[PDB]
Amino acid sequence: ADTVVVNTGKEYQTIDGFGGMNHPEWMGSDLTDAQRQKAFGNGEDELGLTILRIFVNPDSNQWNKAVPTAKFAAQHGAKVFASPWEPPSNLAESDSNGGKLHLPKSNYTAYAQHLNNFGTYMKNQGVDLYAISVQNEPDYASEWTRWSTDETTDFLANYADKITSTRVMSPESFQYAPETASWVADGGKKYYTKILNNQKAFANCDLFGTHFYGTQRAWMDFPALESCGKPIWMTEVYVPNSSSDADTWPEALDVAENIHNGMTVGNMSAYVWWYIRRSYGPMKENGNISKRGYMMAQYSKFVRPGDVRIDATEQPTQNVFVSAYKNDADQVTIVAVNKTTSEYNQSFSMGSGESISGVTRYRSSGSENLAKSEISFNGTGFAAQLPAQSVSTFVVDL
């Protein structure tokens, strides 16, 4: 294997965090106090999530259902953002072009007020809502609200400046599909390019969100969006499916590969799962962390808001995926996903020249969950075994 060369002087995106969705209406119950602590604490056997996504109910008389878990997350320092699936029923019309609903242009001002008022309500409930998005999956909307890519751009350019209670997030595409994709009539990356290309829409859009359903690694690179000066969040996914129990192994390792790809190929600042607590989620219905959740935790517990992704040899051997981050205490955190069936010894080196003063490893695999050990080092480098089908997070003191 190539030595993994890490360079603290070459910086990419700032990390906003890692999280999941809470949706009492659709999940059937809210998180309990124990589950809230399990998700948003960063102590022993806690997921260390730092972002919570919440639901914008079309009926404002139901907004209160989102509040208790948002307040808990906010008290533990998490960013809280919200997504709408449908306008208030009085603003929505049946769609005859593939969606269930459509928002008529004549109702855009009222819809922006609906989103603004949700932000104000959250603030009055003690939650400074980080952002609200224009629409969940406007390009996969057979059961909610379809928007064309022109429509979301018009909304952002000409109406979203009146959302002042919170930041404005882009519409959230289903899968970040290539613009010329034959299977998507009007969606995917087109939602984003049209914002970048319209001065008013870009000025009124504070950050971007996309989902990752079926998103290939080869679709994650988006040069114009990655250089525009505003964060891109991956705001919803489950991988590789919802049909398997989240302890299924080695299937769960796909979660770590997907996070790695979003971080290093997509320059994503955030990675947000769907329901936190679910049979296929990071927390099981019995409240314990699943294998998929330990895959998330290898990132979320150690790559914290405000950390900066830095250069590190990304694929030193095929299907061994490496990313690295620095924090404001000058620690470097390296996450190595060995997705192969072979164990080998991997060397690491600080190309930026810093001497190492300590290395601690946390590792998850078929038989380990966040297993902790001390790693020897010498000068500017260290080496470690990477077992087959494992995720190793190295915390490096310089």
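Position 1 is the first residue in the sequence shown; the rest follow in order.
Asker: So 176 to 184 or 282 to 290, which one's hotter by mean CA B-factor in the entry?
Answerer: According to the entry, 176 to 184 carries the higher average C-alpha B-factor.
Asker: Compare the mean C-alpha B-factor of 65 to 73 with that of 349 to 357 as given in the PDB entry, and name the stretch with the higher value.
Answerer: Taking the mean C-alpha B-factor of 65 to 73 and of 349 to 357, the larger value falls to 349 to 357.
Asker: Which of these, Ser364, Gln37, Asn57, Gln331, has its C-alpha atom at the highest B-factor, as the entry lists it?
Answerer: Comparing C-alpha B-factors across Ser364, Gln37, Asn57, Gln331, the maximum falls on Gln331.
Asker: Please pick out which of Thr380, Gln389, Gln13, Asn22 has the largest Cα B-factor as recorded in the entry.
Answerer: Largest recorded C-alpha B-factor: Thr380.
Asker: Within this chain's modelled residues, let me know which third the CA B factor of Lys372 belongs to: lowest, middle or highest.
Answerer: Its C-alpha B-factor belongs to the highest third of this chain's values.
Asker: Taking the entry's C-alpha B-factors for this chain, is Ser342 in the lowest, middle or highest third?
Answerer: Highest third.
Asker: Sort the modelled residues of this chain by their C-alpha B factor and say whether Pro87 lands in the lowest, middle or highest third.
Answerer: Within its chain, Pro87 is a middle-third residue by C-alpha B-factor, going by the deposited values.
Asker: Classify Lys190 as lowest, middle or highest third according to the C-alpha B-factor given in the PDB entry, relative to its own chain.
Answerer: Middle third - that is where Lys190 ends up once the chain's C-alpha B-factors are sorted.
Asker: For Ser227, return the chain-relative third of its C-alpha B-factor as stated in the PDB record: lowest, middle or highest.
Answerer: According to the entry, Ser227 has a C-alpha B-factor in the chain's highest third.
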